[PDB]
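Heads up: the structure comes next, in structure tokens.
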Number of protein chains: 2
Amino acid sequence: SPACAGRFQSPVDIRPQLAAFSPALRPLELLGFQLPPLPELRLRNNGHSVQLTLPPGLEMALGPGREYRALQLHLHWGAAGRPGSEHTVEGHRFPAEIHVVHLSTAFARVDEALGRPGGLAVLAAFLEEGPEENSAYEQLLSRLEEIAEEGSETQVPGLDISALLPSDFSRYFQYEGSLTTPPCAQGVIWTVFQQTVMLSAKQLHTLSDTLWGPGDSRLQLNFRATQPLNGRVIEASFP
Amino acid sequence: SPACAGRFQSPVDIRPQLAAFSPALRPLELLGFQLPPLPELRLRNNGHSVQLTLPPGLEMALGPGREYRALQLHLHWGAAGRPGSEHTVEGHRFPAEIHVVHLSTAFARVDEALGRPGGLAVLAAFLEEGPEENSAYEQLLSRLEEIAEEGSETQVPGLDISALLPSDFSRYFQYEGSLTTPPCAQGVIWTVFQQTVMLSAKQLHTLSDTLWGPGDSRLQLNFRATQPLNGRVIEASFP
Ligand SMILES: CS(=O)(=O)c1c(N[C@H]2CC[C@@H](O)CC2)c(F)c(S(N)(=O)=O)c(F)c1N[C@H]1CC[C@@H](O)CC1
Ligand SMILES: CS(=O)(=O)c1c(N[C@H]2CC[C@H](O)CC2)c(F)c(S(N)(=O)=O)c(F)c1N[C@H]1CC[C@@H](O)CC1
Ligand SMILES: [Zn+2]
Ligand SMILES: [Zn+2]
């Protein structure tokens, strides 16, 4: 895919000292993320990541008049004693990263949004080790064994999707970039939370050690190398 | 259209003390705007404004990878002793306003771009009274009497469109709003130059007094009322 050779790709190394403070960046707003248990959602090992397909009615705004609907979420992760976030901060790679991918309400389908400015928006948070079992994450992680095989899927009860994200929606970096998988189309608005989410050591081990990918290989280290900013300026919602 | 009653319409009152400075807003880039004398350009009285069709090749960027092509320019103006700008600054209405309308390179057609975020971008500058005659604007103003009649049109020599704009391309306000005429589509990026351009009192009179609209009416005061921000924050490219 030729867009994988674009000048403005993701992910990137975030250098907060070079980030631009912009007070137009208000707290993110999420609506409908607190799901009932039924209907169930589909959790799939696609051989490259674990992805959770989201139902209609999850609305996200980056600001007034900047409205999106959530499509899916997926994870990026490393391996035993090796971090696997996609984004880095000052060259630091975090253990894992969650991405929640959204479609602008001006478009009915992803294929019309691809490459259009602000057509797609991704919410990204780093996952780090904390002392406690994260109960929202446990609902997904406890099902990975069921989908160990490449191309397998299982149904899971609806949960509070917003509980997979940090509680602080006010402090984030934002920049324009790309999908990180072919076709790497540009125009994607990336939002990366400052606050991280905490999983237990056991949870992080389940995530990195359970799933299999193409041809008898463990699905691990499933992150793209850092791409140059190439003159883009990362914005921050805080000085 | 009911879209004229949408929440994120244009024009607006700019309040510079409430604008958000974002250092990410780089100088505008306008290439290919210095047109040769041939081919000639269509200038047209549509009954609502005077419009100049622009050729292919006028490239405009609002930031890295956010590129546009100019389609047309048109003007908004008052009457004798009555200002007719669309935007206001702290309640002050300027004598007139120029709009240069552009299409995102991510969209092949205007009709696909209408209602999509960033599909269209308009460059807007205030016209004020100064002591000198303005050479750039004379090229257009001297041609108005030939098209005084609703629906009439004429061909004009190519001109340097960029010469119609203010001096410092690094100093502007920017927000997302709408077309200021039906269909009032949202998702339009408005960039409003901080500095103005100056015309003579005679030129201003030529602009406001020469053209005829529907009925046997003068074509005057062709500006929409100020619309609420509804929580939108206007950005500024300077502290
Ligand atoms: C196809 S996908 O859901 O897994 C996907 C990924 N997956 C990558 C995991 C790690 C890599 O080693 C290979 C594949 C991804 F990273 C982005 S990302 N990081 O750009 O957000 C995605 F958006 C989607 N899915 C997209 C969005 C839905 C749309 O239909 C196109 C594909
Ligand atoms: C009627 S018009 O074309 O002169 C016009 C345009 N042109 C657009 C029309 C819709 C799109 O399909 C292509 C571009 C425009 F962009 C704005 S604006 N301000 O939104 O940029 C206008 F105000 C006017 N004309 C108006 C008509 C009513 C009159 O009172 C003021 C001028
Ligand atoms: Zn991803
Ligand atoms: Zn206009």
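Mean shadow of the protein assembly as shown, computed from the convex hull of its alpha carbons, in nm²?
Values: hull surface 96.9 nm².
Mean projected area of the Cα convex hull: 24.2 nm².
Other chains near B:173-183: what is the mean number of their Cβ atoms within 10 Å of each residue's Cβ?
Per residue, the number of nearby Cβ atoms from other chains is 1 on average.
Arranged by the count of other C-beta atoms within 10 angstrom, fewest first, what order do B:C184, A:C4 take?
Fewest to most other Cβ atoms nearby, the residues stand as A:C4, B:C184.
To check you understand DSSP bridge types, tell me what percent of the beta bridges within region A:2-236 (both residues inside) are antiparallel, rounded to 5.
That works out to approximately 80 percent antiparallel.
Provide the three semi-axes, in whole Å and in decreasing order, of the ellipsoid equivalent to region B:1-126 as defined by the square roots of 5 times the Cα gyration tensor eigenvalues. List each step's numbers first, then the result.
Details: eigenvalues 114, 90, 56 Å².
Working through the eigenvalues yields semi-axes of 24, 21, 17 Å.
Select from A:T105, A:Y175, A:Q139 the residue farthest towards the positive end of the dipole of region A:2-236; place +1 on Cβ of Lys and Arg, -1 on Cβ of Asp and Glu, and compute about the Cα centre.
Farthest towards the positive pole: A:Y175.
Which of A:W212, A:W190, A:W77 moves the most in a Gaussian network model of chain A with Cα springs under 10 Å?
Ranking A:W212, A:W190, A:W77 by mean-square fluctuation puts A:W212 first.
Please give the Cα centre distance for region B:198-216 versus region A:1-47, rounded to the nearest Å.
51
GNM on chain A, C-alpha springs below 10 Å: top fluctuator among A:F173, A:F94, A:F107?
A:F107
Can you give the mean number of other chain Cβ atoms that lie within 10 Å of the Cβ atoms in peptide B:17-24?
Working: counts 0, 0, 2, 6, 5, 8, 6, 12.
Averaged over the peptide's residues, the number is 5.
Just to check I understand the Karplus step: with θ = phi - 60° and J = 6.51 cos²θ - 1.76 cosθ + 1.60, what whole-Hz values come out for region A:106-117, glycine and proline as x?
6, 10, 8, 9, 4, 4, 6, 8, 4, x, 8, x
What order, most packed first, do the peptides A:224-232, B:59-67, B:125-133, A:115-123 have when packing is the mean number of other Cβ atoms within 10 Å of each residue?
By packing density, highest mean first, the sequence is A:115-123, B:59-67, B:125-133, A:224-232.
Once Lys and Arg get +1 and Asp and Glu get -1 on their Cβ, which of B:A125, B:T191, B:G6 lies farthest toward the positive end of the dipole of chain B?
Selected residue: B:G6.
What are the semi-axes of the equivalent ellipsoid for region B:88-127, taken as the square roots of 5 times the Cα gyration tensor eigenvalues, largest first, in whole Å?
Ellipsoid half-lengths, sorted descending, are 27, 10, 7 Å.
Given the protein assembly as shown, what percent of its DSSP beta bridges are antiparallel, to the nearest 5?
Taking every DSSP beta bridge with both residues in the protein assembly as shown, the antiparallel ones total about 80 percent.
Taking the alpha-carbon set of region A:66-107, what are its Rg and Dmax in Å?
According to the Cα coordinates of region A:66-107, Rg and Dmax are 13.9, 43 Å.
Counting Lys +1, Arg +1, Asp -1, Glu -1, what net charge surrounds A:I14 among other residues with beta carbon under 14 Å of its beta carbon?
Surrounding charge for A:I14 is -2.
For q = 0.08, 0.10, 0.16 Å⁻¹, what log10 I(q)/I(0) does chain A give under the Debye formula with an equal point scatterer on each alpha carbon and no solvent?
-0.27, -0.44, -1.24
Using alpha carbon coordinates only, what is the Rg to Rh ratio of region B:112-152, with Rh defined as the Kirkwood radius?
Rg divided by Rh gives 1.16.
Let's see if you can work this out: charge +1 on each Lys and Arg Cβ, -1 on each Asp and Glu Cβ, no other charges. What is the dipole magnitude of chain A about its Cα centre, in debye to the nearest 20?
Taking the Cα centre of chain A as origin, the dipole is about 760 debye.
Give me the net charge of A:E59's neighbourhood, meaning all other residues with Cβ under 11 Å from the Cβ of A:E59; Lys, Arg count +1, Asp, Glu -1.
Local net charge: -1.
Taking the Cα centre of the protein assembly as shown as origin and charging only Cβ (+1 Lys, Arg; -1 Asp, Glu), how large is the dipole, in debye to the nearest 20?
Dipole of the protein assembly as shown, to the nearest 20 debye: 100 debye.
Restricting to Cα pairs below 8 Å that are 6+ residues apart, what does the relative contact order work out to for chain B? Please round to a whole percent.
This gives 31 percent for chain B.
From the residues B:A20, B:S217, B:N46, which one has its Cα farthest along the dipole of region B:2-236 in the positive direction, the dipole being from +1 and -1 charges on Cβ of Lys/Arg and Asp/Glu about the Cα centre?
Farthest along the dipole direction, towards plus: B:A20.
What ³J(HN,Hα) values, in whole Hz, does the Karplus curve 6.51 cos²θ - 1.76 cosθ + 1.60 give for region B:123-131 when θ = phi - 60°, with x put for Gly and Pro?
Couplings: 8, 10, 10, 6, 9, 10, 7, x, x Hz.
About its Cα centre, what dipole magnitude does region B:1-129 give when the only charges are +1 on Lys and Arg Cβ and -1 on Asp and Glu Cβ, stated in debye to the nearest 20?
Once rounded to the nearest 20, the dipole reads 260 debye.
Computed from the coordinates by the stated procedures, all read-outs in this text should not be read as laboratory data. When we count neighbours, we look across all protein chains shown, and the Cβ atoms used for this are built from the backbone with ideal geometry, even at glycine.
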